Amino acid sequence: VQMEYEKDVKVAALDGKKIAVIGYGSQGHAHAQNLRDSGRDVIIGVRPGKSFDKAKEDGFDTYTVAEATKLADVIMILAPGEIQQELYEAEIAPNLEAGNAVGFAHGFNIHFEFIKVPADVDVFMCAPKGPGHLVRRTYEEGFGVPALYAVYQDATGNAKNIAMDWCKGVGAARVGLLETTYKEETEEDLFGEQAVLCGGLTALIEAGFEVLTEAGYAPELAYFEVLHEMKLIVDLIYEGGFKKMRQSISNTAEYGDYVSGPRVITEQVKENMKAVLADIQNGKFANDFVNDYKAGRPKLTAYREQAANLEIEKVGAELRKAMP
């Protein structure tokens, strides 16, 4: 795959199109405002309430989800993943007309087919790889956040042009675009957050904190040596990969990295990751998540409360207050 920029957006396919951003959370706000600022004709579709009035206060023609869908040619759904299906069936699906384009920033619901859009309507993706506030600020400072785009179904023949022009309008084409598919975006993103970025990482930190404190070491220092110091290392990797990080640390740290990394993350861990990937590919994770939501989030409930009781989280909070 080759990375793409503003020069590669061949068609300004959003020209003359009535655009509805569904949701006015952090992400919806960033998308709609960025596009407005770029030149596009943006309205907002929300439940009446906090976000609604803030959208009107922000200067947007705001409506319900249904009427904003009726008025729109392009409808980007930026509600929370867990309410997209219900919101789509109730408010969006009855108001779609052939030749509309329906966008998402995450492939989960379309890929796993919890939502199915009629085959005379385009489904596209623009997935900026950053949080809404950063997508807005980097644009509010004319560069942006790199993004993935994809098309799930192309009824009109313009779906890829709409997705790239969306990524142009929100600033992402300034820094870089990667083409993907709904399936690859969904599965690589679920795997990355589960196996490395969020699950693996937090579990790796927690396991190291437990080894130290169970061996009798001071928890405040352990907090520094498994968590606080991580930011520096990750910043170095972000800017220059393993190579830049391993150049900047001491030779003693570097050698311990090469020697002990493979003793901690073994072949068995790589196997465990494969079983994590398999459950993403075969739909079992997606079903577990959606089932938990439908049951009233009982697993998420237990998880969140156990996590609030962790020693590292209490020690960490105190130390963060002590260091303004």
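From 1 onward, residues are counted along the sequence shown.
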Would you determine, from the values in the PDB entry, which of 84-92 and 175-183 has the greater average C-alpha temperature factor? 84-92
When the Cα temperature factors in the entry are averaged, is it 36-44 or 260-268 that ends up higher? 36-44
Looking at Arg136, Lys244, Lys160, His111, which has the biggest Cα B factor in the entry? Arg136
For the listed residues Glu225, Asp122, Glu206, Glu141, which one has the largest C-alpha B-factor as given in the deposited model? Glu141
When the deposited Cα B-factors of this chain's modelled residues are ordered and cut into thirds, is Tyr255 in the lowest, the middle or the highest one? lowest
Hey, what third does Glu313 fall into on Cα B-factor, ranked over its chain? middle
Looking at the entry's B-factor column for C-alpha atoms only, identify whether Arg297 ranks in the lowest, middle or highest third of its chain. middle
Relative to the other modelled residues in the chain, which third contains the C-alpha temperature factor of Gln281: lowest, middle or highest? lowest
CA B-factor placement of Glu220, once the chain's modelled residues are sorted into thirds: middle
